[PDB]
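One structure below.
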Amino acid sequence: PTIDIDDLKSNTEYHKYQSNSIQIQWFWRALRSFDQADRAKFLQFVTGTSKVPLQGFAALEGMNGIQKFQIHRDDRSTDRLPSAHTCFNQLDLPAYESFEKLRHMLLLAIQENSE
Amino acid sequence: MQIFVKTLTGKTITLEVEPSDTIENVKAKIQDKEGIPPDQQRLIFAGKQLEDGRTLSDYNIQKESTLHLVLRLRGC
Ligand SMILES: [Zn+2]
Ligand SMILES: [Zn+2]
Ligand SMILES: [Zn+2]
Ligand SMILES: [Zn+2]
Ligand SMILES: [Zn+2]
């Protein structure tokens with residue numbers, strides 16, 4: 001319910017994406033449009049928990065210490081769903097063809113729960 | 001034969017499967033009707049997960065049985 005998305009964006013690492021990559025702009029644009037409940041669902045999808053550190057996302061953890069959120073480029077298929085590695089706060093994002101497809105697959109990924 | 005696949009809290013599809021098929025084949029057909037890659041699939045038949053190496057006969061799946069499909073999108 002308190003997600004300064006500029007703070008998460010300023011503390012996000014990339015590989016092999018760049019900060020100005022089109023799928024990254026679509027990613028932050030789509031994450032901005034989510035409810036606080038959906039942003040919490042994304043935080044749980046990527047990190048396993050929806051809690052936000054008191055010092056912001058710069059102090060994000062992390063199995064053995066501070067591990068910033070990181071988006072990686074999935075070079076396997078544009079028709080596969082996003083995936084996360086939790087242990088390393090990493091989101092696998094394929095090079096989707098449109099913003100609508102990225103937002104749709106992202107919502108479909110984070111709104112699968114109970115497991 | 002013919003089985004059904006209920007996906008999460010939504011749609012349900014049909015599949016023409018033989019008892020000798022492996023679970024990887026079932027997930028491949030699910031990919032052919034759904035587009036979900038097999039490596040992102042996991043199948044549940046009343047509690048227990050279904051390993052890719054086993055077959056439908058090993059789990060004693062009768063005709064018109066409903067497998068529950070869950071997405072495998074998170075790991076360590
Ligand atoms: Zn990965
Ligand atoms: Zn459209
Ligand atoms: Zn739409
Ligand atoms: Zn196929
Ligand atoms: Zn996997």
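Letters A, B, ... go to the chains of the structure tokens in the order shown; residues in each chain start at 1; ligands are counted from 1 in the same order.
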Tell me, as a PyMOL selection string, which residues lie within 6 Å of stretch 108-115 of chain A, counting only C-alpha atoms; anything in the same chain fewer than 2 positions away does not count.
chain A and resi 41-42+45+105-106
Can you write just those residues out, C-alpha atoms, as a short mmCIF file (atom, residue, chain, number, x, y, z; two decimals), in the first residue's frame?
data_model
loop_
_atom_site.label_atom_id
_atom_site.label_comp_id
_atom_site.auth_asym_id
_atom_site.auth_seq_id
_atom_site.Cartn_x
_atom_site.Cartn_y
_atom_site.Cartn_z
CA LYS A 41 1.08 -9.42 -5.48
CA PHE A 42 4.00 -8.53 -7.75
CA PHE A 45 5.75 -12.94 -6.91
CA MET A 105 1.15 -11.55 -19.08
CA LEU A 106 2.35 -9.70 -15.97
#
Could you write out as a list in words the residues of chain B within 12 Å of chain A, counting only C-alpha atoms?
residues 7, 8, 9, 10, 31, 34, 35, 36, 37, 38, 39, 40, 41, 42, 69, 70, 71, 72, 73, 74, 75 and 76 of chain B
Write as a PDB file with N, CA and C atoms, in the first residue's frame the residues around ligand 4, taking 9 Å as the cut-off and counting only C-alpha atoms and all ligand atoms.
ATOM      1  N   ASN B  25       4.037 -35.604 -22.616  1.00  0.00           N
ATOM      2  CA  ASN B  25       3.163 -35.538 -23.784  1.00  0.00           C
ATOM      3  C   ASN B  25       1.873 -34.795 -23.463  1.00  0.00           C
ATOM      4  N   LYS B  27       1.468 -32.460 -21.167  1.00  0.00           N
ATOM      5  CA  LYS B  27       1.816 -31.046 -21.085  1.00  0.00           C
ATOM      6  C   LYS B  27       2.110 -30.460 -22.461  1.00  0.00           C
ATOM      7  N   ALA B  28       2.584 -31.288 -23.398  1.00  0.00           N
ATOM      8  CA  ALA B  28       2.788 -30.817 -24.764  1.00  0.00           C
ATOM      9  C   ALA B  28       1.459 -30.541 -25.456  1.00  0.00           C
ATOM     10  N   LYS B  29       0.468 -31.412 -25.253  1.00  0.00           N
ATOM     11  CA  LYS B  29      -0.863 -31.156 -25.799  1.00  0.00           C
ATOM     12  C   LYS B  29      -1.489 -29.926 -25.155  1.00  0.00           C
ATOM     13  N   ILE B  30      -1.300 -29.765 -23.841  1.00  0.00           N
ATOM     14  CA  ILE B  30      -1.760 -28.559 -23.159  1.00  0.00           C
ATOM     15  C   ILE B  30      -1.106 -27.327 -23.767  1.00  0.00           C
ATOM     16  N   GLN B  31       0.162 -27.444 -24.171  1.00  0.00           N
ATOM     17  CA  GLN B  31       0.796 -26.345 -24.891  1.00  0.00           C
ATOM     18  C   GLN B  31       0.145 -26.131 -26.251  1.00  0.00           C
ATOM     19  N   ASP B  32      -0.264 -27.215 -26.915  1.00  0.00           N
ATOM     20  CA  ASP B  32      -0.868 -27.096 -28.236  1.00  0.00           C
ATOM     21  C   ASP B  32      -2.263 -26.483 -28.192  1.00  0.00           C
ATOM     22  N   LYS B  33      -2.965 -26.582 -27.064  1.00  0.00           N
ATOM     23  CA  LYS B  33      -4.287 -25.980 -26.941  1.00  0.00           C
ATOM     24  C   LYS B  33      -4.298 -24.697 -26.119  1.00  0.00           C
ATOM     25  N   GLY B  35      -0.932 -22.809 -25.311  1.00  0.00           N
ATOM     26  CA  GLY B  35       0.259 -22.016 -25.522  1.00  0.00           C
ATOM     27  C   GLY B  35       1.189 -21.933 -24.333  1.00  0.00           C
ATOM     28  N   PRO B  37       4.079 -23.002 -22.086  1.00  0.00           N
ATOM     29  CA  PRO B  37       5.199 -23.920 -22.272  1.00  0.00           C
ATOM     30  C   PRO B  37       5.167 -25.019 -21.234  1.00  0.00           C
TER      31      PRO B  37
END
Would you return as a PyMOL selection string the members of chain B that DSSP assigns to helix (DSSP H, G or I) on this structure's backbone?
chain B and resi 23-34+38-40
For residue B:49, which of B:26, B:67, B:6, B:13 is the closest residue, counting only C-alpha atoms?
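Nearest to residue B:49: B:67.
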Given 10 Å and only C-alpha atoms and all ligand atoms, residues near ligand 2 as an MDAnalysis selection string
chainID A and resid 98:101
Which polymer residues have any atom within 12 Å of an atom of residue B:18, counting only C-alpha atoms, with same-chain residues fewer than 4 positions away left out, as JSON, numbers by chain?
{"B": [1, 2, 3, 22, 23, 25, 26, 55, 56, 57, 60, 61, 62, 63]}
Pull the strand (DSSP E or B) assignments for stretch 16-75 of chain B out of DSSP run on the backbone, and list those residues as a PyMOL selection string.
chain B and resi 22+41-45+48-49+55+66-71+74
Save out the residues we just selected, C-alpha atoms, as a compact mmCIF listing (two decimals), in the first residue's frame.
# COMPACT_ATOMS: atom_id res chain seq x y z
CA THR B 22 3.97 -39.70 -20.62
CA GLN B 41 3.31 -26.38 -16.22
CA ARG B 42 2.65 -28.71 -13.31
CA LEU B 43 -0.19 -31.24 -13.22
CA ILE B 44 -2.00 -32.37 -10.07
CA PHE B 45 -4.21 -35.47 -9.84
CA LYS B 48 0.03 -35.54 -5.74
CA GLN B 49 2.07 -33.84 -8.44
CA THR B 55 2.76 -42.11 -17.55
CA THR B 66 -9.96 -34.03 -14.46
CA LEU B 67 -6.33 -33.02 -14.00
CA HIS B 68 -5.66 -29.70 -12.27
CA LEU B 69 -3.12 -27.51 -14.07
CA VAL B 70 -1.00 -25.05 -12.06
CA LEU B 71 1.61 -22.64 -13.40
CA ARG B 74 8.55 -19.28 -9.33
Which distance in Å separates atom CA of residue A:73 and atom CA of residue A:16, to one decimal?
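Going from atom CA of residue A:73 over to atom CA of residue A:16 covers 5.7 Å.
Take the candidates B:46, B:4, B:53, B:58 and check each one against residue B:16 using only C-alpha atoms; the shortest distance goes to B:4.
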Quick one: everything within 9 Å of stretch 51-68 of chain A, counting only C-alpha atoms, minus sequence neighbours fewer than 6 positions away in the same chain. Send it as a VMD selection string.
chain A and resid 2 to 4 7 to 13 40 43 to 44 86 to 90
Write a file of the selected residues as an mmCIF file, in the first residue's frame, keeping N, CA, C and O atoms.
data_model
loop_
_atom_site.group_PDB
_atom_site.id
_atom_site.type_symbol
_atom_site.label_atom_id
_atom_site.label_comp_id
_atom_site.auth_asym_id
_atom_site.auth_seq_id
_atom_site.Cartn_x
_atom_site.Cartn_y
_atom_site.Cartn_z
ATOM 1 N N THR A 2 2.166 1.119 0.081
ATOM 2 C CA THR A 2 3.105 2.246 0.047
ATOM 3 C C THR A 2 4.272 1.828 -0.847
ATOM 4 O O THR A 2 5.275 1.290 -0.368
ATOM 5 N N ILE A 3 4.135 2.082 -2.147
ATOM 6 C CA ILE A 3 5.123 1.672 -3.144
ATOM 7 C C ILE A 3 5.501 2.920 -3.937
ATOM 8 O O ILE A 3 4.857 3.258 -4.936
ATOM 9 N N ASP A 4 6.548 3.621 -3.495
ATOM 10 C CA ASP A 4 7.127 4.676 -4.318
ATOM 11 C C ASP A 4 7.786 4.010 -5.518
ATOM 12 O O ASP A 4 8.938 3.572 -5.439
ATOM 13 N N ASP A 7 11.083 4.934 -6.422
ATOM 14 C CA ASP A 7 12.136 4.404 -5.560
ATOM 15 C C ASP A 7 12.526 2.988 -5.967
ATOM 16 O O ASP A 7 13.706 2.623 -5.914
ATOM 17 N N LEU A 8 11.548 2.172 -6.368
ATOM 18 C CA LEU A 8 11.859 0.839 -6.871
ATOM 19 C C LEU A 8 12.555 0.910 -8.225
ATOM 20 O O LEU A 8 13.446 0.105 -8.516
ATOM 21 N N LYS A 9 12.163 1.873 -9.060
ATOM 22 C CA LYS A 9 12.769 2.015 -10.379
ATOM 23 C C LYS A 9 14.196 2.534 -10.278
ATOM 24 O O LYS A 9 15.065 2.135 -11.064
ATOM 25 N N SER A 10 14.459 3.419 -9.316
ATOM 26 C CA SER A 10 15.805 3.930 -9.098
ATOM 27 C C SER A 10 16.724 2.922 -8.423
ATOM 28 O O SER A 10 17.935 3.159 -8.356
ATOM 29 N N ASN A 11 16.187 1.810 -7.928
ATOM 30 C CA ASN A 11 16.969 0.755 -7.294
ATOM 31 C C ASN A 11 16.754 -0.578 -7.998
ATOM 32 O O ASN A 11 16.621 -1.625 -7.360
ATOM 33 N N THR A 12 16.720 -0.552 -9.326
ATOM 34 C CA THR A 12 16.521 -1.745 -10.136
ATOM 35 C C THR A 12 17.710 -1.923 -11.068
ATOM 36 O O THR A 12 18.122 -0.975 -11.744
ATOM 37 N N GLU A 13 18.262 -3.132 -11.091
ATOM 38 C CA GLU A 13 19.367 -3.485 -11.969
ATOM 39 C C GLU A 13 18.848 -4.272 -13.167
ATOM 40 O O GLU A 13 17.764 -4.857 -13.132
ATOM 41 N N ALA A 40 1.451 -5.401 -4.393
ATOM 42 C CA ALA A 40 1.852 -6.351 -3.363
ATOM 43 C C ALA A 40 1.923 -7.766 -3.921
ATOM 44 O O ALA A 40 2.792 -8.553 -3.525
ATOM 45 N N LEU A 43 5.202 -7.912 -5.716
ATOM 46 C CA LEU A 43 6.296 -8.011 -4.755
ATOM 47 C C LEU A 43 6.392 -9.417 -4.175
ATOM 48 O O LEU A 43 7.493 -9.937 -3.968
ATOM 49 N N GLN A 44 5.244 -10.047 -3.907
ATOM 50 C CA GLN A 44 5.254 -11.431 -3.445
ATOM 51 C C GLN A 44 5.687 -12.387 -4.548
ATOM 52 O O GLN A 44 6.322 -13.409 -4.267
ATOM 53 N N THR A 86 13.003 -15.419 -6.896
ATOM 54 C CA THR A 86 12.800 -15.225 -5.459
ATOM 55 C C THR A 86 14.091 -15.132 -4.649
ATOM 56 O O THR A 86 14.362 -14.094 -4.038
ATOM 57 N N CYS A 87 14.868 -16.220 -4.611
ATOM 58 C CA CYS A 87 16.139 -16.221 -3.888
ATOM 59 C C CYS A 87 16.987 -15.016 -4.271
ATOM 60 O O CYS A 87 17.572 -14.347 -3.411
ATOM 61 N N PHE A 88 17.061 -14.727 -5.563
ATOM 62 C CA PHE A 88 17.567 -13.461 -6.072
ATOM 63 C C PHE A 88 16.368 -12.700 -6.613
ATOM 64 O O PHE A 88 15.698 -13.173 -7.537
ATOM 65 N N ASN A 89 16.079 -11.542 -6.018
ATOM 66 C CA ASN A 89 14.886 -10.775 -6.362
ATOM 67 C C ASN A 89 14.879 -10.411 -7.843
ATOM 68 O O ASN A 89 15.003 -9.237 -8.206
ATOM 69 N N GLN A 90 14.716 -11.418 -8.697
ATOM 70 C CA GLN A 90 14.884 -11.290 -10.135
ATOM 71 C C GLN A 90 13.606 -11.698 -10.849
ATOM 72 O O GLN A 90 12.985 -12.709 -10.506
#
Using only C-alpha atoms and all ligand atoms for the distances, tell me which of A:102, A:76, A:27, A:17 is nearest to ligand 3.
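Among the listed residues, the smallest separation from ligand 3 belongs to A:102.
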Compile the contact shell of residue A:18 as JSON, numbers by chain: residues with an atom at most 10 Å away, counting only C-alpha atoms, same-chain residues fewer than 5 positions apart removed.
{"A": [13, 23, 24, 25, 71, 72, 73]}
With N, CA and C atoms retained, write the just-selected residues as a JSON list (two decimals), in the first residue's frame.
[["chain", "number", "residue", "atom", "x", "y", "z"],
["A", 13, "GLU", "N", 18.26, -3.13, -11.09],
["A", 13, "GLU", "CA", 19.37, -3.48, -11.97],
["A", 13, "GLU", "C", 18.85, -4.27, -13.17],
["A", 23, "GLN", "N", 10.76, -2.65, -23.44],
["A", 23, "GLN", "CA", 10.06, -3.53, -22.50],
["A", 23, "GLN", "C", 10.22, -3.07, -21.06],
["A", 24, "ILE", "N", 11.28, -2.33, -20.75],
["A", 24, "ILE", "CA", 11.44, -1.78, -19.41],
["A", 24, "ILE", "C", 10.48, -0.61, -19.19],
["A", 25, "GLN", "N", 10.39, 0.28, -20.18],
["A", 25, "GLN", "CA", 9.42, 1.37, -20.11],
["A", 25, "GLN", "C", 8.00, 0.82, -20.01],
["A", 71, "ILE", "N", 15.58, -7.01, -13.17],
["A", 71, "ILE", "CA", 14.80, -7.53, -14.29],
["A", 71, "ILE", "C", 15.76, -8.07, -15.33],
["A", 72, "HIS", "N", 15.54, -9.32, -15.75],
["A", 72, "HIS", "CA", 16.38, -9.98, -16.73],
["A", 72, "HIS", "C", 15.58, -10.28, -17.99],
["A", 73, "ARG", "N", 16.27, -10.35, -19.12],
["A", 73, "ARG", "CA", 15.63, -10.57, -20.41],
["A", 73, "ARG", "C", 15.58, -12.06, -20.71]]
